[PDB]
Structures are given as structure tokens and as C-alpha cells.
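To keep things clear, I will list the structure first and then write my remarks on it.
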Amino acid sequence: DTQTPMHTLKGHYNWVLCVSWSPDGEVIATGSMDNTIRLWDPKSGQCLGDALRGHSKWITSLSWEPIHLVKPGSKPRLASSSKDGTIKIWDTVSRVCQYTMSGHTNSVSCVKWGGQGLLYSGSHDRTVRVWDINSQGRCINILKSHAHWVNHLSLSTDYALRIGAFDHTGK
Amino acid sequence: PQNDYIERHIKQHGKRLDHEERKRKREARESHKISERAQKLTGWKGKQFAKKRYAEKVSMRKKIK
Amino acid sequence: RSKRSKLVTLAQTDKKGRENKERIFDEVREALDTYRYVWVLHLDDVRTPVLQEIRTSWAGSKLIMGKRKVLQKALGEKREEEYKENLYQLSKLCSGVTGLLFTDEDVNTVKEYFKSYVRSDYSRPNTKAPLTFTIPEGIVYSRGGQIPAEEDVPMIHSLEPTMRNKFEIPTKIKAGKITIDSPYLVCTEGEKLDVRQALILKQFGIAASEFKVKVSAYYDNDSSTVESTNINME
Amino acid sequence: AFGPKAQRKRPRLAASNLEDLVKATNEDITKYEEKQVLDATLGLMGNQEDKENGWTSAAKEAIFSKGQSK
Amino acid sequence: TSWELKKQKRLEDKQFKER
Amino acid sequence: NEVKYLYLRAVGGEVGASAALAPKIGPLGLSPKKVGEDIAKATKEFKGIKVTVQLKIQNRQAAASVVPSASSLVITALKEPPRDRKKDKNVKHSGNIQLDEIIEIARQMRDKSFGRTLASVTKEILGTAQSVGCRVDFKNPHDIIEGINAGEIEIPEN
Amino acid sequence: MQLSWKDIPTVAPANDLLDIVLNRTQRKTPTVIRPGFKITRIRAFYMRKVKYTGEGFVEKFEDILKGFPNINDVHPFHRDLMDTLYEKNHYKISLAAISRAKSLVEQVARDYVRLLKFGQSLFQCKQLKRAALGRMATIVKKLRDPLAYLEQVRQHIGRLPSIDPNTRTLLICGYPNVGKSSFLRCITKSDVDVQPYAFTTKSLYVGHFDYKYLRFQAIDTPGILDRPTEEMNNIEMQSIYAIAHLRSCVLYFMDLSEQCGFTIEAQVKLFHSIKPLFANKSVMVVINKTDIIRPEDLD
Amino acid sequence: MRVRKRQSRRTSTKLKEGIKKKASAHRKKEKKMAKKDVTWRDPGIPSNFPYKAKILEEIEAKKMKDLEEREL
RNA sequence: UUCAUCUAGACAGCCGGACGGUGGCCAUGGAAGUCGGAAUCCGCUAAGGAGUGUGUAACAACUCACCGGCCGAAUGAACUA
RNA sequence: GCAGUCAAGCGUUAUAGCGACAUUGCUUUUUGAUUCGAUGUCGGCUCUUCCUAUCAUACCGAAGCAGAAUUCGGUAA
Ligand SMILES: Nc1nc2c(ncn2[C@@H]2O[C@H](COP(=O)(O)OP(=O)(O)O)[C@@H](O)[C@H]2O)c(=O)[nH]1
Ligand SMILES: [Mg+2]
Ligand SMILES: [Mg+2]
């Protein structure tokens, strides 16, 4: 509104490689170069306890669980890919790591949480892996048609999954 | 003969009876040979030999470092 | 110029200095205060699993190895240099590969354990041959007739230069198998073995000798005396 | 790709299955046979057959290279 | 004797160097 | 008769795991099918886990047992879902194990260990866990080792 | 068809090739030029240096390019075998790198001879000649990796067996340890190794024999595992391509004693799985090791 | 056994005079470059000298004496 | 010339030790320190690499990194002229 | 060649400046496809000898050198 800084988030020790606002708008997740993920309350500009540790290389992408799949009274979980070839799922209410998908042999370029309980991961191993969260995070599909790194992937419902329950009116 | 026939022949018949000792004595003689080459090669061959020796010494120092 | 050039290796383990000897010195001198009986053990040509089994059996005691000169300096070499009274006799009784067993256990228990402890060991050089060994005619196997050749595995072809040159056993390679034209006598029972024969027995894996920990003497803290035990000292 | 330090143990683009693989091999064999017939109607009937007889074509005359001078 | 003198010279050199 | 011992490494739960045992089974006259069946029966607890199988041979028999190992016990404690080689490759063993489970593995491995203390056996198990890459008490296994060195962690059986 | 490619000249690495060609120039061309000579003589001296060095590099590259087989023009069996062994993409890319280097070296030689036509002093002519030779050296040193790859490929491809795909062939296939190399040893004088462990044989082996005054070849293959082609490896792909391409009589070997480490059910399943491979070829199932167990006293 | 031509060591007058001129030019150029260029510009007691301790004691004593001699 | 090592033993040499979790994890038809990719930790030590090389289809075996016994007095490295 | 990078050294007590060996970018990008201004001296014949910086012949060394053939190199005119 005023084009002025409001808060500073100073928990990490290395470059903040990715940021992501929750689809419910309640928390900002920052994945950094120091192989950590932090969560921040935006209104207070504060850090929600400690960092999410466990990755051995830097964070490459953060994706949120859709609100329309999260049951009411619950907070969406955070999927995170990294250079070490793993996709880690974080339950933020308990601040724990539940699932660790590991099928990729090279750095994961991006991870996306779709609207049907699926996770799509693109990695430098020239493959796209489709995991099912309803089947304990098992890799349901391996899609191999590219001859090089898959740099990025996008879903048809990406805008809706990012926006959650809000609209252009902001209600 | 087909595929790795020399390797299979070494596996089946061995080598010459004096092979290991001959190789060992050649490797022992290599130091004297290097010094004789450095003091005996003349002209372009001597210059190239000295240049290669300097490059090898630099590479070995880098590997130790 | 004209000097030998040292071979250069790129490995992880670096040499130990005088600090390690000082640490061993201090450990021995502190165990001298801490424990009651110090036993001098002869453990020449001991294998590390055997030594570690001895250490495991003697839980609560302290076994210290090291250079014999370091151990004798820790105990005190002469009468004016002894760390405790009548310890120079124990210090001068140390010979060869010497270990120190500091303990508070009973003299009878130590004697019984070191009389009843024995393990199968390789036949070392300059010892007595425990058996007569003969490599049979034909294809040479890994055990060399110590087990039936139907169950045994043929000797690998890569060992034939070692057997022919280092072991001086007349061998041939036939279709990738080591062969001898005649049966070969390696050792005779009750005969002194040399480095070559001991190496042949070790290569075939025959271990019929016995390892026994020799005990020379011990020192008591309160009595300040040294008594010769003479265990396995025939 | 190849050599003492090679780490390629599987084909990069594996075929779908054995039926598609044998269909591809039959197609390749047929194309090779047709190509061999088409090229051997001319070349093996011409130049290569002369190599058995030890014959060589007459050397090209310099008068046909006039106009191509530096 | 001779080794004692060599050791003594070693000690003197070390003390001079540290001073 | 005589007791002949053979050892192998095999993924647990798979019948016909004695493909590499044919050069060893050959002179004895054992049945490869029976050996594989017995190995699969003995490896029921460990499914999809590379474990150490010991075979005892007396007269004309073949009995299979599992020799406990630090890596196999850590992977079993990791509680990973069962996997097939066709489905899942390049698995990262990055679960969480608790201090009590580590101490239990140390108790299982204490019988054949030279570690003079249960703390030493636990530290060996934690080094194996660091090798497999898992997590202990949501910490690094070497961090737990350093904590045991400092004295914050108490070993129960002294 | 050629069936053999042992007559490929040695491929020097980049630095060795540079040494060879540059020292050939320094030895085989005159080296003494004086600044007091005529400028035409000086220019001819350096032009000869540049042209001779370019010709040496082009001769070496042409020897490389003529020696190696054209992988897309050989028989499809040889094409598939060489693709499995050497990765056809890398093979063709390396040979194209050699061709591009040859063209660039020719361009450098022509350009700098044309430039040397206008040299005014010995210093300028020497600088131009050194520039031409240095650019040639840069082009050649860019080829360090394809030359190593091609030397390894040349050594490996000189030792491949000569398989005629249009002669009479007995193909031998099955699981590992079923007796394929033993049968080839029995029927031919090939020296294929016979050992009681899987995948002793990792490549195709050829033997020959005579039947009714007719020369027959026999191909012994590495064993195939009952897996799809998606997870099949190159060693098994050799056997797969052999069975797919060579029109022949296939002998599928079965060990009913299960000494090979594979069950009879697994062997039957493998046979039914590779059933589409041998269509419109002669097929026979040979049960080996009848001195241990027999089909008649089975279950 | 075919002996080659040996290089002559008889001095050429023209070569010697040319070397003189070349050396004078080199000296002038080195002096000029030393004046023009920019470049930023005690071994102690040898370890084998026997009375190192005596020399060190003497220099320390002189330093300590001169500490108070110049002050007062 | 400067650094180091040395009679609680210098440099060479011979002999012996060179261990245990453990065939660490992934990958591989097979890969046990030694085709590869990432960890490279703990114990027991006098010392011993999750290995310096040879070697095996994998093991085995030998080696050397380090340690010890015998020997008994000076030695090694890097620079300068 | 130009423009950089690294640093065994050199220099210094102002972590300036020189800098060997290596190395990157441009010229030159992937499937072995498909002639451009010599401004002043040149060629032959016969016949001799010299150099080696060796094409062949002699003897050697190395190389996936099985044999055959070939490549690289040494002494050698
Ligand atoms: N008893 C018996 N053993 C056989 C027979 N054929 C082969 N073998 C054994 O099977 C082992 C492996 O055979 P091999 O030739 O390597 O079969 P491959 O691996 O399929 O080529 C060898 O050690 C042979 O001794 C047979 O007819 N009878
Ligand atoms: Mg075979
Ligand atoms: Mg010459």
C-alpha cells in the first residue's frame, strides 16, 4: 500500500532460495541455501519456533497442500524438494517430517502438490515422478520422455491451488 | 581370436616366467634412465624432455598440495 | 646428487610422535598407582583378535602395550630411577614384545587364566613344525589336501608366480589351474621351519600350532616385591 | 559412454516390448534389403565388379578441367 | 659419554632456539 | 556327522535366493529349491531387507537362520514400507529412530562386540546409523555420540 | 557386408597427434630461412610450412574417418550390436567432431596461405605462420575426448567376432549356467570359458563346423533374465538382438536339475516370454544335464 | 663411427663487436627500466656457530644496559 | 643455509601385527576398502584408511598408510652457490 | 592473438605490483553431412658432392602387437 518495508525475516544463514505464502494466507515458508526451511507468521513478522532441518542440500522448491483437500480445522502440509534428490513432507502443526520420497537419482527441479492427492516431481534425472500421498508416498508413476533435465513443470489447476479459497475480490 | 583373447590367454597360460622380475628391474632402472636422458639428449629432444619434466614436477606438487 | 629418492604415498594415517610415547608413559605411571598387581606378559607374534579377546576377558583390568624401552622407562630402569620400591627387577625382566597387566584380581585367578588360555595359531618361523605337510600330485587346491578336493576350490591362477618364485614350488599353469608334476614335501614333523616354509603353511591356511600368553613375573603394590611365576616358559 | 570407466549399463531408450522390438527389426531388415537391391542394381553392376578383374578407369584428361584454373 | 654429549648439545640448541 | 557353515547376503523374503550358492551347494548335493525355500522361511521378519543368512549343514540337511547385523537392524528399526526392486530404486534411508531402539539394537549386538561398555556398543550402532544416513531422536547420530561423550545421555545398563 | 573392422589405424590422443604432426613439419620441411633472403623466398618458406602442417592434420583425420564403419549403412544386426556396445549417438558425434576439425583445419590453412601472400617482412611472415599453426593446435586440442573414445572403440571393435547374418546359424540361448558354453565347446573349437557361475560369458562367441559339406556357424550368447526390455541391460541386449536379427535355428537350453540357480517354472516362463523373439525361425528346446536328472523321472 | 662436424670456437671479430654493442644496449635498457619501474623494496646468527648462546647473552646485556644508559 | 627425527633407539633392511561394528548406504547379473555416486562414523588400540596399489566374475591372497621386535648412531627434506 | 582465471615463485609488512606451469571465451558446434590483387625473377638439360631434419633397405623399443599387416619412436646417410 505504502511501498515501504514492514518486516524482516532473519533466521537463515545462507541465501533464501525460495519463498511461498500459504494458500490460507497464515504462514510464509522460506527454503534456503543452508539446507533449511523456516516458517514465519507474517502479521507479527516472526519465526514459528525452529527451522525444519533434515535436507542435506539446498531447497529447490516449496509446495503447499491444497485447502480444498485439507479437512476443515487443519493446517495444510508443506512438500519440499531439494538438490539432494528428495521430497520431504512436513506437518507444520506438529513441526515433524512424515514422508521422504527418494526415487530421484539427481537434483529435483520442482515439486507440485496437485488437487487429487498427488505430488509431481521433476528432477535432473530426465524423469517425472508421480507420488500418491494416499498410498504412503509411493511413486505411482515414472514418466520418461525427455532427453535432458526437466527444468520446470506446471499444472492446469496451479492458480486455483495457489489461491485456495480466495478470489480477485479478496473476500 | 575374439573378444578379450589376450586377457583370457593370460588367465589360462600365465605370462613369461621372468615377466615380473624383468618388469621390476626395468622399473628400478628407470631412475638411472631418466638421469641419462636428461644429461644425454641434445637439441629439440632435450628441450622437450626438460619441459615435460618441469610440467610433471609441477603436477606432482599440485597433487601433493 | 646420486641419492635414493623416497617413495611418496598419499594415505590418511600419519606418523605418531613423542606425544604418543609420553601419553603411554603417563598411562603406565597412573595405572601403577591405581592397581595392585602388575604382571609382565610376553605376547610375541600375537594376533589382534586374540589380544582383543584377552582384553575383553579381562574387563576391569588395564592391559598396556607399547615400546619396551618406553615401558621400562615408565617402570624405572635403575634402582635410583624406580617409580616404586623393588620395581627395577620387574622392569629389567621385560623382554621382547612386552605387555603390562595392571589388575586387582587374585594371583590364583591370573595364574589359572594364563595357564588355561590357548588358541590356534600360525606356525611362526624358527619354531617347531606341528605336522608333516605334502601337496598332492595334480591340480593344486586352496587347502592342498587338508580337505577333499571335491569340496575344495582350485587355487587361483594369480598365485602361481608367488608359488613358483617366492615359495620355490615347481608349478605349471594348465587351463588356468595350478599343477605340480610330483607330490611336494613342505615340512617334516619336529623340524625347525624357516620363513619360506612358514609362508607356505600360512598360504595354505594350516594352523596347527598353539598360542599361549607367556607370563614372566608380577609386582605387588603393598608388598613391594617381585615373584617369578614362570608360566608357559618352557 | 564407453571404456574402463563406463557407467552406461542399460540402453537409454529401451523399446516398449519384444513384439515392438521384433517389428522394428523386421522393418529395418526389409529396408536394408530394399536399399541393397537399389544400390546394387547400379554400383555392384558397375564399379565394384571391375575391382575383381583388376581393371581401372582411364585417367581423366586435363582438357575437361579447363575453365577451372586458379 | 659421546651420546650423552650429543644429547646435551641437543638440549642446549633447543633452549637457545626457544629463547 | 559334521556341521558345515555357509554364509550369504540376501534380500529377505524372496524365495530362490540361493542363485549364488550353487558353487557351494554343488559338492554337498543339497537341493537349490529347498535351500531357497528355507532361506525365504527364515527371512520372514525382514521383508525387502538385505540380511545375513547363515546355513548349517549336518548329515544331509540345510537349516537357515539370520545373523543379526548393525545395518540390517537399523534398517528394520527404520520401519520403511516394503518395496520391490522393480518399483523403488535409490532409496534414501532417512527415517527416525529413538534412543531406546538404538539401545535395544546395541543390546542385540553386544554379545559379539569388543566395546567394553553399552555406551561404546551404542556409539558403534550410531556410527552405523550415520553410515545408512538415518536420523536418531531427530538429531544427527554423531550429535548423539557427542552428547554421550559429554554426558547428557545416560546409559541404562551399567 | 564386411563382418570385420580390425584394419583401422591407431588413433593417437590429442597431444600425441599434435606432437606427431608438428614434429613431422619440423623434420620434413627445411628449417633455415634468412632475413637477408628475397621476400618471395621467405613467403614461400612459410607458406610451405603452413600447407604441409595442414596436409598432415587432414591426412590423419581422413585415415580416422575412412577406417571406422558407417553404423547406419552396415547390416542392421551389426548396427544394433555396435549401438549396444558403443552408444551410436556418441560414436557418430565423435566422428562428426573429427570431420568438423578437418574442415576447420583446411580453412585455416587456406586463409593463412592467402594472408602470407602479402607478408612484407620475415617477422610478419613468421608471426602469420605461427598464428596458423597455433590455431590448428587449438582445433586439434579441442578433440581430446573424442580421440580417447575412438581409440578405445577401435581397440574393442577390432576384436569382435565376424558374424555373417546371411549364412547358416545355430543360435544358443537360455538362462545362465545351463550349459550353453559347454555345448559350444562340444560342437566347435571355440575357446569360450565354462565356469559354474552366472555370466561367465559377457559377449557373443562364434564357432564353426561342417555338416553335409556345408559350413555352419554357431553363436553362444550371454544368458537372458526374465525381465522386460525397459530394465534389461546391454549384456542381455546382445543376446536379444542376436535372436531378433539372425535367421537361424534357436536352441533354448533348460537345466531340469536346477543346478543353474533357476527353477523349471522360471525357465518355462522365460521361454514363453522370448517366444515372440523367434518367430519364423527354427526353434528347438534342448534339455541339458541328463546325467543328473531326466525329463521322464520328473514331477 | 661417422664423426660429425664440430662447431668452431675461433672468435669472429664482427660477432665480438656486435656482442659488445648488444651488451651496451642491454645495460642501458636495464638501467632505464630499473629507474622507471615500480616495485616495493639480517640473516642473524648461523645455527652452526658454537658460541650462539654467548653472542645472544652479549646482545641482550647490551640492549638492557643501553635501555637505561640513554634514558638516564 | 634453514627446518625437522634421534639410546623412553635416527635412516635403510628382515620378521610380525595391520583388528571389530562391517560384506557401512545406494547402485549392479556380480561389486565384500580397491568399476562407480554420495557418507566417511564409532569401538579397541602400540597401531591399523569405511582404504595405497596389485589381484578375483565376486570372495581369497599380497601390499602400504600406521605400529611393534631384532639391529645400533647419526639421518631425512627443501633451498643457495 | 586478444581478454580473463589459478598460483610454484619474486616482492613487501603498505593482504600493492611482476609472475612459470595449467586453464576458460572468441575464432568453431554437435549424428562423420556436403579458387578473391604473390608488382619482380623462374623452369629445364648434363654432371659432382655434401647435410640429416630417414621415404626405403639393416638392427632395435612401445602399442589389444594372436597371425598377417600397420602406427609411434631409437641408432643409423
Ligand atoms: N553334470 C553336468 N554338468 C554340466 C553339464 N553341462 C554343463 N555343466 C556344468 O555347468 C557349469 C556351467 O556351464 P556353462 O558352460 O558355463 O553354461 P552357461 O553359463 O549357460 O554358458 C559348468 O561348470 C559345467 O561343469 C552336464 O551336461 N552335466
Ligand atoms: Mg556361457
Ligand atoms: Mg637422427
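No hydrogens, no waters, no symmetry mates; every other heavy atom, side chains included, goes into these values. A note on names: the letters A, B, ... follow the listed sequences, proteins ahead of strands, and every chain is numbered from 1.
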Could you check whether E:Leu5 gets within reach of a base, just the sugar-phosphate, or nothing at all, counting any heavy atom under 4.0 Å?
nothing
Do the six-membered rings of I:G23 and I:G24 sit on top of each other, with centres under 5.5 Å apart and planes under 30° apart?
no
Side chains of F:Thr52 and F:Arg9: any donor to acceptor distance under 3.5 Å?
yes
Quantified in whole Å, what is the P atom distance between nucleotide I:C3 and nucleotide I:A12?
23 Å
Whichever of G:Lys92 and G:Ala44 has the more 5' nearest nucleotide on RNA chain J, that residue is G:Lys92
Under the 5.5 Å and 30° test, is H:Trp40 stacked on the base of J:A16?
yes
Does I:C64 have a Watson-Crick or wobble partner in any strand here, with both distances under 3.5 angstrom, and which is it?
I:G49
Which of these nucleotides, I:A8, I:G69, I:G43, is closest to any side-chain atom of C:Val97?
I:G69
Base, sugar-phosphate, or nothing for G:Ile20, non-hydrogen atoms under 4.0 angstrom?
sugar-phosphate
Within the 4.0 Å heavy-atom criterion, would you say H:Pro46 contacts the bases, only the backbone, or no part of the nucleic acid?
sugar-phosphate
With sugar-phosphate meaning primed atoms plus P, OP1 and OP2, does G:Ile235 contact a base, only sugar-phosphate, or nothing at under 4.0 Å between heavy atoms?
base
Any chance you could list the contact pattern along nucleotides 50-60 of chain J? Use B for base contacts, S for sugar-phosphate-only contacts and - for none, protein heavy atoms under 4.0 Å, 5' to 3'.
-SSBSS-----
Tell me whether I:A73 and I:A74 stack, counting them as stacked only when the base ring centres are under 5.5 Å apart and the planes differ by under 30°.
no
N/O contacts under 3.5 Å, protein versus nucleotides 24-27 of chain J?
residue : atom : partner  : partner atom : Å
J:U27   : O2'  : G:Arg135 : NH2          : 2.6

Reading RNA chain J from 5' onward, which residue's closest nucleotide shows up sooner: D:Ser69 or G:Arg100?
G:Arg100
Show me the protein contacts with nucleotides 73-81 of chain I, counting only N or O atoms at under 3.5 Å.
residue : atom : partner : partner atom : Å
I:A77   : OP1  : C:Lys3  : NZ           : 3.3

Taking the inter-plane angle between the rings of G:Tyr91 and G:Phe68 on a 0 to 90° scale, is it parallel (under 30°), tilted (30 to 60°) or perpendicular (over 60°)?
perpendicular
pi-stack flag for F:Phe114 and I:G43, centroid dist under 5.5 Å, interplanar under 30°
no
Heavy atoms only, 4.0 Å cut-off, all strands: where does F:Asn90 land among base, sugar-phosphate and nothing?
sugar-phosphate
Which listed nucleotide (J:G74, J:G32, I:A39) is nearest to the side chain of B:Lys45?
J:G74
